[PDB]
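As structure tokens, one chain now follows by itself in the form deposited in one PDB entry.
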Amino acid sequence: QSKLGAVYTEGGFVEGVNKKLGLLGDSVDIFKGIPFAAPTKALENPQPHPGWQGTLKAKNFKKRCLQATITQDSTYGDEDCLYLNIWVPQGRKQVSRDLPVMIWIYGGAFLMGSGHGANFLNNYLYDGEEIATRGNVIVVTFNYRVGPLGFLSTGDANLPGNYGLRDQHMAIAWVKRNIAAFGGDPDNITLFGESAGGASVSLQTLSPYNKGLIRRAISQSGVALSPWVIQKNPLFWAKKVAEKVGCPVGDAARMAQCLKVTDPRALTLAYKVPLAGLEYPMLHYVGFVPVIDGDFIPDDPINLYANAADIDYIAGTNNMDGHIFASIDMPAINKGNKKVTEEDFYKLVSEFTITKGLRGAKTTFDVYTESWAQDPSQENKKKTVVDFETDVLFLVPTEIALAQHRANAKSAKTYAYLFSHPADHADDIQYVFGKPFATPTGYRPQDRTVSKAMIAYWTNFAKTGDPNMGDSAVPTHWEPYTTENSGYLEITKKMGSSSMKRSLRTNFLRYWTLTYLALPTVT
């Protein structure tokens, strides 16, 4: 009476696990490995999964979709990978009903990842138990196709691309049809995701495929407008893979058919992204990502925001989201005894600004190095490189998306955040998922303070669209974003009234959105 038992879904009965929590009757029902789509076929759209007889034991995580290992010398996963997982919190009196539902989309540059995430201190990163039980929401995680198998495209009808985005959509659609049986409110689905998953969340809100499916969304460190999201020249990347696996490149239709019948592991390992000794910035080697296909993504994402007019929206970034990419593009910021120079930074800036030529490289270099005269230290110079990467890859796109969402809003509310701390300890996913509570030996009291606050805001927002209103108290009133106030919440280990701030790096935003765009394009 106080737990689910066998659950009736469209595909048949599903049985998970009940885990007692605390001493007084609370618990959580855990389902792992529920199929939401058929075994995949290489470079084909996802299809319904056939029903089953009897009761499916949803007891263990299922295989991720085929992807390269981090060494890039081998693969793991499987073509049969479109599975999802569900945590349902339970009180001590009766079974939960009408709960908000949060669907997580993982990141990993569209190239890697799974619904459970990295395992550390005997705990998977995306284990939904802490969010579910602390915020009284249902949490869903799931796998989607990544790499060439997720995103290879010719930019035309021969190989339209976006397979991995369709997989995400199929999991959302399944949740809408089925989650009420688990005690969820299907009218109240919130998507949330980080990095590539934040851009995915964004793209899902913009696609007409999701009309009437999504109530709210949270983009963490990535939006559809980030420069690494849309591949402008997919046929170049598809030809590269075709040459490497022995397919002819002259006819796009014959090339597409040959790629579809190539060993999926050879497609996956065809291109290795190099991380050392690179001619262009790390961005340039981001290949197998979403495309504008005229279908799932009907137009450039910037023109699609009418589709999210009634989707409440949080978007924010991490203080040093650009750090990883800065480290690759300028290794000197790692070694304490190696100098970043004006010449190194000019070069990096010029690569990012080539469509605006010499004039665009200089205006950008000059604005970012203005502070170097009075503060020429390496601490300031290296922080400038990180800020530059954070700005162009994450912060500026996120601010443009916030503005477009606010400008197209009907009933939708808009919220902005900046996360600042002190995987790296600086990353916000582990606090969103409550790892400082799930594995407390790895974390300090301040970490559990940060995590407690983020879960309160995230799950209040899921319940009501208002991060200040719900089952949890919050430390700072989070003011909805408008163009007038341009307010963002600064999330740190000590929050109070002054944590609600405004005009985040506004001179740099204005530089990129007005000054830099007002420059002539060069060829």
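Note that the rigid core is defined as the largest set of C-alphas that superpose within 1.5 Å between two forms. Residue numbers here begin at 1 and follow the sequence given.
Quick note: we don't show the form deposited in another entry, though the next part is all about it.
Among the candidates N334, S411, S74, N233, displacement between the shown form and the other one reaches 2 angstroms at the C-alpha for one position only, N334 (superposition on the rigid core). With the core superposed, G442 shows a C-alpha displacement below 2 Å between the shown form and the other one. Taking the rigid core as fixed, one finds a CA shift for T355 of 2 Å or more between the shown form and the other one.
Comparing the forms between the shown form and the other one on their rigid core, the Cα displacement of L275 reaches 2 Å or more. The pair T390 and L275 is at least 3 angstroms farther apart at the CA level in that other deposited form than in the present model.
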